[PDB]
$ cat coords.csv   # CSV, C-alpha atoms
chain,number,residue,atom,x,y,z
A,1856,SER,CA,29.6,-244.9,102.7
A,1857,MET,CA,31.6,-248.2,103.1
A,1858,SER,CA,35.0,-247.9,101.3
A,1859,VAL,CA,34.0,-244.5,100.0
A,1860,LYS,CA,35.5,-241.5,101.8
A,1861,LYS,CA,36.0,-237.8,101.3
A,1862,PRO,CA,39.7,-236.8,101.3
A,1863,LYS,CA,41.2,-236.8,104.9
A,1864,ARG,CA,41.2,-233.3,106.6
A,1865,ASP,CA,44.4,-233.0,108.8
A,1866,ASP,CA,43.0,-232.9,112.4
A,1867,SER,CA,46.4,-233.4,114.2
A,1868,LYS,CA,46.7,-229.7,115.3
A,1869,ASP,CA,43.0,-229.3,116.4
A,1870,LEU,CA,43.8,-230.0,120.1
A,1871,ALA,CA,46.5,-227.4,120.2
A,1872,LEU,CA,44.6,-224.9,118.2
A,1873,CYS,CA,41.4,-225.3,120.5
A,1874,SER,CA,43.7,-224.7,123.5
A,1875,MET,CA,44.9,-221.5,122.0
A,1876,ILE,CA,41.5,-220.2,121.3
A,1877,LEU,CA,40.5,-221.1,124.9
A,1878,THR,CA,43.5,-219.2,126.2
A,1879,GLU,CA,42.5,-216.1,124.3
A,1880,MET,CA,38.9,-216.4,125.7
A,1881,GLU,CA,40.4,-216.9,129.2
A,1882,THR,CA,42.5,-213.7,129.0
A,1883,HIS,CA,39.8,-211.4,127.4
A,1884,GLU,CA,38.8,-208.7,129.9
A,1885,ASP,CA,35.1,-209.6,129.5
A,1886,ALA,CA,35.7,-213.3,130.5
A,1887,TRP,CA,35.1,-212.8,134.2
A,1888,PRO,CA,31.5,-214.1,134.3
A,1889,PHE,CA,32.6,-217.3,132.6
A,1890,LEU,CA,36.0,-218.3,134.2
A,1891,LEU,CA,34.5,-220.5,136.9
A,1892,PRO,CA,31.4,-222.6,137.5
A,1893,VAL,CA,28.4,-220.5,138.6
A,1894,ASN,CA,28.1,-221.2,142.4
A,1895,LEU,CA,24.8,-223.2,142.6
A,1896,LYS,CA,24.4,-222.7,146.3
A,1897,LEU,CA,24.7,-218.9,146.1
A,1898,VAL,CA,22.8,-218.0,142.9
A,1899,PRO,CA,19.1,-218.7,143.4
A,1900,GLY,CA,17.3,-220.2,140.4
A,1901,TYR,CA,20.5,-221.3,138.5
A,1902,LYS,CA,20.5,-225.0,139.3
A,1903,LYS,CA,16.8,-225.5,138.3
A,1904,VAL,CA,16.8,-223.3,135.3
A,1905,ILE,CA,20.2,-224.1,133.6
A,1906,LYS,CA,20.1,-227.8,132.8
A,1907,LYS,CA,23.7,-228.0,131.6
A,1908,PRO,CA,26.0,-225.5,133.3
A,1909,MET,CA,29.3,-224.8,131.5
A,1910,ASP,CA,32.3,-222.5,132.1
A,1911,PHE,CA,35.9,-221.9,130.7
A,1912,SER,CA,37.6,-223.8,133.6
A,1913,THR,CA,35.4,-226.9,133.0
A,1914,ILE,CA,36.1,-226.7,129.2
A,1915,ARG,CA,39.8,-226.5,130.0
A,1916,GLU,CA,39.7,-229.6,132.2
A,1917,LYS,CA,37.7,-231.6,129.6
A,1918,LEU,CA,40.1,-230.5,126.8
A,1919,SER,CA,43.2,-231.3,128.8
A,1920,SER,CA,41.9,-234.8,129.7
A,1921,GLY,CA,40.8,-236.0,126.3
A,1922,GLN,CA,37.1,-235.6,126.8
A,1923,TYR,CA,36.3,-233.8,123.5
A,1924,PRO,CA,36.1,-236.4,120.7
A,1925,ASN,CA,36.4,-233.7,118.0
A,1926,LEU,CA,36.5,-229.9,117.5
A,1927,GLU,CA,32.7,-229.8,117.0
A,1928,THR,CA,32.1,-231.1,120.5
A,1929,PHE,CA,34.5,-228.4,121.8
A,1930,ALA,CA,32.5,-225.5,120.0
A,1931,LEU,CA,29.2,-226.9,121.4
A,1932,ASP,CA,30.5,-226.4,125.0
A,1933,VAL,CA,31.8,-222.9,124.3
A,1934,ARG,CA,28.5,-221.9,122.7
A,1935,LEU,CA,26.7,-223.5,125.7
A,1936,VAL,CA,28.4,-221.0,128.0
A,1937,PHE,CA,26.9,-218.1,126.0
A,1938,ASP,CA,23.5,-219.8,125.5
A,1939,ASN,CA,23.3,-220.3,129.2
A,1940,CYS,CA,24.3,-216.7,129.8
A,1941,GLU,CA,21.5,-215.4,127.5
A,1942,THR,CA,19.0,-217.6,129.3
A,1943,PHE,CA,19.8,-216.2,132.7
A,1944,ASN,CA,20.8,-212.6,132.1
A,1945,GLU,CA,19.1,-209.6,130.6
A,1946,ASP,CA,20.8,-208.3,127.4
A,1947,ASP,CA,21.0,-204.9,129.0
A,1948,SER,CA,23.3,-205.9,131.9
A,1949,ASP,CA,27.1,-206.1,132.3
A,1950,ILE,CA,27.0,-210.0,132.2
A,1951,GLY,CA,24.5,-210.0,129.3
A,1952,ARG,CA,26.8,-207.7,127.3
A,1953,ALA,CA,29.8,-209.7,128.3
A,1954,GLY,CA,28.3,-212.8,126.8
A,1955,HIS,CA,27.4,-211.2,123.5
A,1956,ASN,CA,30.9,-209.8,123.2
A,1957,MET,CA,32.6,-213.1,124.1
A,1958,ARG,CA,30.4,-215.1,121.6
A,1959,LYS,CA,31.4,-212.7,118.8
A,1960,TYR,CA,35.0,-212.9,119.7
A,1961,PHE,CA,34.8,-216.8,119.8
A,1962,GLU,CA,33.0,-217.1,116.5
A,1963,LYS,CA,35.6,-215.0,114.6
A,1964,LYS,CA,38.5,-216.9,116.0
A,1965,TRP,CA,36.7,-220.1,115.2
A,1966,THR,CA,36.2,-219.2,111.5
A,1967,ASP,CA,39.7,-217.7,111.1
A,1968,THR,CA,41.3,-220.8,112.6
A,1969,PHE,CA,39.4,-223.6,110.9
A,1970,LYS,CA,37.1,-222.2,108.1

$ encode --input "coords.csv" --output "structure tokens"
Amino acid sequence: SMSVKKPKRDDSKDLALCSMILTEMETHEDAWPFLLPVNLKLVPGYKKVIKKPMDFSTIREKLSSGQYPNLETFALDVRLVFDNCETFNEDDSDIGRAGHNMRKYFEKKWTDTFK
């Protein structure tokens, strides 16, 4: 509350560390469905169904230009990529499997880096 704060967590490396995690997501072999925005002209249904499209290149631009106010808002966009993927793709497809794998990979890096 006013003049009553928990001890200050050092957040000065968060930016760099989020960039690293993102680089590891970008270079994973199963990242291919997620590297670029889904082409909304060429994938019927995507625009209407997915209210908030997100992909790694868009996360990279937001990160690099100071558009994440904190590490939680960064994790929300990453999770959105996988939530979107689950919404549009059957679990039993290459893309569906890609998303499950990438989400697990992300969550572990997240916990090991910050928790």

$ atom_distance --input "coords.csv" --atom1 "atom CA of residue 1898 of chain A" --atom2 "atom CA of residue 1874 of chain A"
29.3 Å

$ residues_around --input "coords.csv" --residues "residue 1870 of chain A" --least-positions-apart "4" --cutoff "9 Å" --atoms "all atoms listed in the file" --output "PyMOL selection string"
chain A and resi 1866+1874-1875+1918-1919+1925-1926

$ atom_distance --input "coords.csv" --atom1 "atom CA of residue 1942 of chain A" --atom2 "atom CA of residue 1906 of chain A"
10.8 Å

$ atom_distance --input "coords.csv" --atom1 "atom CA of residue 1911 of chain A" --atom2 "atom CA of residue 1941 of chain A"
16.1 Å

$ closest_residue --input "coords.csv" --among "A:1885, A:1879, A:1913, A:1924" --to "residue 1965 of chain A" --atoms "all atoms listed in the file"
A:1879

$ closest_residue --input "coords.csv" --among "A:1895, A:1876, A:1944, A:1890" --to "residue 1963 of chain A" --atoms "all atoms listed in the file"
A:1876

$ closest_residue --input "coords.csv" --among "A:1967, A:1869, A:1910, A:1962" --to "residue 1881 of chain A" --atoms "only C-alpha atoms"
A:1910

$ closest_residue --input "coords.csv" --among "A:1892, A:1899, A:1970, A:1877" --to "residue 1929 of chain A" --atoms "all atoms listed in the file"
A:1877
